[PDB]
>>> print(open('final_1.json').read())   # JSON, C-alpha atoms
[["chain", "number", "residue", "atom", "x", "y", "z"],
["A", 1, "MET", "CA", 152.38, 109.36, 112.18],
["A", 2, "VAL", "CA", 150.61, 108.45, 108.90],
["A", 3, "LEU", "CA", 147.34, 107.34, 110.45],
["A", 4, "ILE", "CA", 144.76, 106.32, 107.91],
["A", 5, "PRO", "CA", 141.34, 104.71, 108.17],
["A", 6, "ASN", "CA", 140.81, 101.11, 107.07],
["A", 7, "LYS", "CA", 144.18, 100.20, 108.56],
["A", 8, "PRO", "CA", 144.87, 98.50, 111.91],
["A", 9, "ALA", "CA", 144.98, 101.01, 114.73],
["A", 10, "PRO", "CA", 148.29, 101.36, 116.57],
["A", 11, "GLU", "CA", 148.30, 99.01, 119.53],
["A", 12, "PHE", "CA", 148.59, 100.44, 123.01],
["A", 13, "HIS", "CA", 148.91, 99.05, 126.52],
["A", 14, "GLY", "CA", 149.17, 100.93, 129.79],
["A", 15, "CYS", "CA", 148.03, 101.36, 133.35],
["A", 16, "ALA", "CA", 144.54, 102.84, 133.62],
["A", 17, "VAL", "CA", 142.51, 103.80, 136.66],
["A", 18, "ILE", "CA", 139.18, 101.93, 136.66],
["A", 19, "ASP", "CA", 136.60, 102.23, 139.45],
["A", 20, "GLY", "CA", 139.40, 103.54, 141.69],
["A", 21, "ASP", "CA", 141.99, 100.83, 140.93],
["A", 22, "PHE", "CA", 145.11, 100.42, 138.77],
["A", 23, "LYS", "CA", 144.46, 97.83, 136.06],
["A", 24, "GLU", "CA", 146.57, 97.17, 132.99],
["A", 25, "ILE", "CA", 144.72, 97.49, 129.73],
["A", 26, "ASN", "CA", 145.65, 96.55, 126.20],
["A", 27, "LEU", "CA", 143.90, 97.42, 122.93],
["A", 28, "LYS", "CA", 143.67, 93.66, 122.31],
["A", 29, "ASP", "CA", 141.58, 93.35, 125.52],
["A", 30, "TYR", "CA", 138.74, 95.01, 123.63],
["A", 31, "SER", "CA", 138.80, 92.77, 120.60],
["A", 32, "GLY", "CA", 135.18, 92.26, 119.57],
["A", 33, "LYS", "CA", 134.15, 95.69, 120.79],
["A", 34, "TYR", "CA", 134.21, 99.16, 119.26],
["A", 35, "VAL", "CA", 136.67, 101.42, 121.01],
["A", 36, "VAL", "CA", 136.60, 105.18, 121.21],
["A", 37, "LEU", "CA", 140.01, 106.43, 122.27],
["A", 38, "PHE", "CA", 140.13, 110.06, 123.14],
["A", 39, "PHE", "CA", 143.06, 112.13, 124.34],
["A", 40, "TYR", "CA", 143.04, 115.35, 126.34],
["A", 41, "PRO", "CA", 145.76, 117.78, 127.62],
["A", 42, "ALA", "CA", 146.78, 118.73, 131.27],
["A", 43, "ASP", "CA", 144.31, 117.69, 134.07],
["A", 44, "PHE", "CA", 142.60, 119.42, 137.00],
["A", 45, "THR", "CA", 141.73, 122.24, 134.63],
["A", 46, "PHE", "CA", 139.87, 125.54, 135.25],
["A", 47, "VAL", "CA", 137.85, 124.62, 132.15],
["A", 48, "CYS", "CA", 136.92, 121.25, 130.62],
["A", 49, "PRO", "CA", 136.90, 118.65, 133.31],
["A", 50, "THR", "CA", 133.39, 118.95, 131.93],
["A", 51, "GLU", "CA", 134.14, 117.37, 128.56],
["A", 52, "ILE", "CA", 135.37, 114.18, 130.24],
["A", 53, "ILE", "CA", 132.39, 114.31, 132.56],
["A", 54, "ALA", "CA", 130.16, 114.67, 129.54],
["A", 55, "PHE", "CA", 131.32, 111.36, 128.09],
["A", 56, "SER", "CA", 131.30, 109.65, 131.46],
["A", 57, "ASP", "CA", 127.65, 110.65, 132.09],
["A", 58, "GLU", "CA", 126.50, 109.28, 128.74],
["A", 59, "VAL", "CA", 128.47, 106.07, 129.19],
["A", 60, "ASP", "CA", 125.12, 104.27, 129.02],
["A", 61, "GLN", "CA", 124.78, 105.27, 125.36],
["A", 62, "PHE", "CA", 128.17, 103.74, 124.60],
["A", 63, "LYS", "CA", 127.58, 100.48, 126.47],
["A", 64, "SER", "CA", 124.39, 100.33, 124.41],
["A", 65, "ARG", "CA", 126.40, 100.42, 121.13],
["A", 66, "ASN", "CA", 128.85, 97.73, 122.33],
["A", 67, "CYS", "CA", 131.54, 100.39, 122.68],
["A", 68, "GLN", "CA", 134.34, 100.88, 125.20],
["A", 69, "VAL", "CA", 135.33, 104.47, 125.76],
["A", 70, "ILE", "CA", 138.87, 105.20, 126.92],
["A", 71, "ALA", "CA", 140.22, 108.59, 128.00],
["A", 72, "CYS", "CA", 143.94, 109.24, 127.77],
["A", 73, "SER", "CA", 146.48, 111.91, 128.62],
["A", 74, "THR", "CA", 150.13, 112.35, 129.15],
["A", 75, "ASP", "CA", 149.82, 112.40, 132.95],
["A", 76, "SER", "CA", 150.93, 109.78, 135.47],
["A", 77, "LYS", "CA", 148.73, 106.95, 136.70],
["A", 78, "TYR", "CA", 148.72, 108.68, 140.11],
["A", 79, "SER", "CA", 147.61, 112.07, 138.75],
["A", 80, "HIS", "CA", 144.60, 110.43, 137.15],
["A", 81, "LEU", "CA", 143.72, 108.67, 140.37],
["A", 82, "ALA", "CA", 143.85, 112.00, 142.15],
["A", 83, "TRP", "CA", 141.45, 113.55, 139.64],
["A", 84, "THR", "CA", 138.84, 110.88, 140.36],
["A", 85, "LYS", "CA", 139.06, 111.51, 144.11],
["A", 86, "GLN", "CA", 138.53, 115.27, 143.59],
["A", 87, "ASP", "CA", 134.76, 116.07, 143.47],
["A", 88, "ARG", "CA", 133.18, 117.83, 140.49],
["A", 89, "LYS", "CA", 132.46, 120.93, 142.52],
["A", 90, "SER", "CA", 136.18, 121.77, 142.97],
["A", 91, "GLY", "CA", 137.33, 121.50, 139.34],
["A", 92, "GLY", "CA", 137.75, 117.79, 139.89],
["A", 93, "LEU", "CA", 136.26, 114.81, 138.13],
["A", 94, "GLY", "CA", 133.91, 113.23, 140.65],
["A", 95, "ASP", "CA", 132.69, 109.75, 139.78],
["A", 96, "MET", "CA", 134.22, 108.18, 136.70],
["A", 97, "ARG", "CA", 132.54, 105.55, 134.69],
["A", 98, "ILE", "CA", 135.25, 105.43, 131.93],
["A", 99, "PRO", "CA", 138.92, 104.31, 132.19],
["A", 100, "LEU", "CA", 141.70, 106.88, 132.45],
["A", 101, "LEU", "CA", 144.65, 105.42, 130.64],
["A", 102, "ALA", "CA", 147.94, 107.05, 131.67],
["A", 103, "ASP", "CA", 150.57, 107.87, 129.07],
["A", 104, "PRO", "CA", 153.58, 109.31, 130.98],
["A", 105, "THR", "CA", 156.18, 108.30, 128.37],
["A", 106, "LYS", "CA", 154.17, 110.23, 125.79],
["A", 107, "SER", "CA", 154.53, 107.19, 123.53],
["A", 108, "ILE", "CA", 150.84, 106.40, 123.03],
["A", 109, "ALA", "CA", 150.10, 110.01, 122.10],
["A", 110, "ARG", "CA", 152.96, 110.17, 119.64],
["A", 111, "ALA", "CA", 151.81, 106.80, 118.27],
["A", 112, "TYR", "CA", 148.38, 108.25, 117.43],
["A", 113, "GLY", "CA", 150.08, 111.37, 116.05],
["A", 114, "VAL", "CA", 148.40, 113.76, 118.48],
["A", 115, "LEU", "CA", 151.41, 114.85, 120.50],
["A", 116, "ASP", "CA", 152.26, 118.55, 120.67],
["A", 117, "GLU", "CA", 156.05, 118.20, 120.75],
["A", 118, "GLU", "CA", 156.56, 121.92, 121.51],
["A", 119, "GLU", "CA", 154.41, 121.82, 124.64],
["A", 120, "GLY", "CA", 154.66, 118.14, 125.62],
["A", 121, "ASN", "CA", 150.98, 117.21, 125.81],
["A", 122, "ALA", "CA", 148.41, 115.81, 123.41],
["A", 123, "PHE", "CA", 145.89, 117.57, 121.16],
["A", 124, "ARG", "CA", 142.20, 116.86, 121.47],
["A", 125, "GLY", "CA", 142.24, 113.71, 119.38],
["A", 126, "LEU", "CA", 139.42, 111.21, 119.12],
["A", 127, "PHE", "CA", 139.73, 107.82, 117.40],
["A", 128, "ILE", "CA", 137.16, 105.17, 116.60],
["A", 129, "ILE", "CA", 138.41, 101.59, 116.29],
["A", 130, "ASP", "CA", 136.73, 98.44, 114.86],
["A", 131, "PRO", "CA", 135.94, 95.25, 116.75],
["A", 132, "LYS", "CA", 138.77, 93.86, 114.61],
["A", 133, "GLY", "CA", 141.09, 96.66, 115.75],
["A", 134, "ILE", "CA", 140.87, 98.64, 112.53],
["A", 135, "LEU", "CA", 140.94, 102.43, 112.55],
["A", 136, "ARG", "CA", 137.64, 103.97, 111.33],
["A", 137, "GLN", "CA", 137.59, 107.62, 112.34],
["A", 138, "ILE", "CA", 140.09, 110.33, 113.07],
["A", 139, "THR", "CA", 139.25, 113.60, 114.82],
["A", 140, "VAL", "CA", 141.79, 116.13, 116.02],
["A", 141, "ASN", "CA", 140.81, 119.52, 117.42],
["A", 142, "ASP", "CA", 142.98, 122.44, 118.28],
["A", 143, "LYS", "CA", 143.27, 122.46, 122.06],
["A", 144, "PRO", "CA", 140.56, 125.12, 122.88],
["A", 145, "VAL", "CA", 137.65, 123.29, 121.25],
["A", 146, "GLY", "CA", 136.02, 120.13, 122.59],
["A", 147, "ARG", "CA", 134.06, 117.10, 121.39],
["A", 148, "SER", "CA", 130.37, 116.19, 121.14],
["A", 149, "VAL", "CA", 128.96, 113.00, 122.62],
["A", 150, "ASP", "CA", 126.17, 113.09, 120.08],
["A", 151, "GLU", "CA", 128.56, 113.33, 117.17],
["A", 152, "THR", "CA", 130.53, 110.36, 118.41],
["A", 153, "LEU", "CA", 127.32, 108.37, 118.79],
["A", 154, "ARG", "CA", 126.23, 109.39, 115.33],
["A", 155, "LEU", "CA", 129.50, 108.12, 113.87],
["A", 156, "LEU", "CA", 129.31, 104.89, 115.89],
["A", 157, "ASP", "CA", 125.87, 104.34, 114.49],
["A", 158, "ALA", "CA", 127.03, 104.89, 110.87],
["A", 159, "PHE", "CA", 129.91, 102.49, 111.20],
["A", 160, "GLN", "CA", 127.87, 99.80, 112.95],
["A", 161, "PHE", "CA", 125.15, 100.25, 110.36],
["A", 162, "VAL", "CA", 127.58, 99.72, 107.48],
["A", 163, "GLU", "CA", 129.01, 96.72, 109.37],
["A", 164, "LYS", "CA", 125.58, 95.01, 109.30],
["A", 165, "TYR", "CA", 124.56, 96.22, 105.79],
["A", 166, "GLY", "CA", 126.33, 98.98, 103.70],
["A", 167, "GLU", "CA", 123.78, 101.00, 101.62]]
>>> encode(input="final_1.json", output="structure tokens")
Amino acid sequence: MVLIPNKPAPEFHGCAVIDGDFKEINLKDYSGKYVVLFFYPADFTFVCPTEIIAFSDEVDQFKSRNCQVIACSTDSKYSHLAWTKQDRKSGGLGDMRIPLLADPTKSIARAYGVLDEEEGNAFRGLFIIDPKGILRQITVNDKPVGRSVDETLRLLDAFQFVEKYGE
């Protein structure tokens, strides 16, 4: 919808696969932490399992900034689980260090305004949310083009800097 920074981010709950298990997560569960919520389309893709792997591999950098990264797509909780079990060599996902939140009702994606209604999957949206649950950053790419880990870290730094100071 009309998503705007400096307003409370739309709340979301759902089943996410974490370390090979189904756990229910809620945006409120991360109160006190920064949250990067990023959506992707399809799954076991011939290109770009790599983008998700990219963020997973640098998960250390996000834990460092007191930030929880959450990946999300319009697939079922079971599809996600399958992607983890598939190794990286096959077009799979290998080991995952960040939660895959499943959005099969498409409601979370439509809530963050990133749903391609014509095709039924999400755009490449990225959202940064405050420890108080306030939206700080909105990024949406056309489907072919992916996201930088460095850019997300740069933004996280800027926001956390302003949070401590402001100049």
>>> residues_around(input="final_1.json", residues="stretch 147-164 of chain A", least_positions_apart="2", cutoff="12 Å", atoms="all atoms listed in the file", output="JSON, numbers by chain")
{"A": [6, 33, 34, 35, 36, 37, 38, 39, 40, 48, 50, 51, 52, 53, 54, 55, 56, 57, 58, 59, 60, 61, 62, 63, 64, 65, 66, 67, 68, 69, 123, 124, 125, 126, 127, 128, 129, 130, 131, 132, 134, 135, 136, 137, 138, 139, 140, 141, 142, 143, 144, 145, 166, 167]}
>>> atom_distance(input="final_1.json", atom1="atom CA of residue A:21", atom2="atom CA of residue A:93")
15.4 Å
>>> atom_distance(input="final_1.json", atom1="atom CA of residue A:165", atom2="atom CA of residue A:28")
25.4 Å
>>> closest_residue(input="final_1.json", among="A:20, A:41, A:5, A:32", to="residue A:109", atoms="all atoms listed in the file")
A:41
>>> atom_distance(input="final_1.json", atom1="atom CA of residue A:107", atom2="atom CA of residue A:31")
21.5 Å
>>> closest_residue(input="final_1.json", among="A:49, A:19, A:71, A:8", to="residue A:101", atoms="only C-alpha atoms")
A:71
>>> closest_residue(input="final_1.json", among="A:16, A:94, A:85, A:22", to="residue A:73", atoms="all atoms listed in the file")
A:16
>>> closest_residue(input="final_1.json", among="A:12, A:1, A:95, A:30", to="residue A:115", atoms="all atoms listed in the file")
A:1
>>> residues_around(input="final_1.json", residues="residue A:18", least_positions_apart="3", cutoff="12 Å", atoms="only C-alpha atoms", output="ChimeraX atom specification")
/A:15,21-25,69-71,77,80-81,84,95-102
>>> axis_aligned_box(input="final_1.json", around="stretch 16-20 of chain A", padding_each_side="3 Å", output="AutoDock Vina command-line options")
--center_x 140.6 --center_y 102.9 --center_z 137.7 --size_x 13.9 --size_y 7.9 --size_z 14.1
>>> closest_residue(input="final_1.json", among="A:13, A:133, A:118, A:92", to="residue A:105", atoms="only C-alpha atoms")
A:13
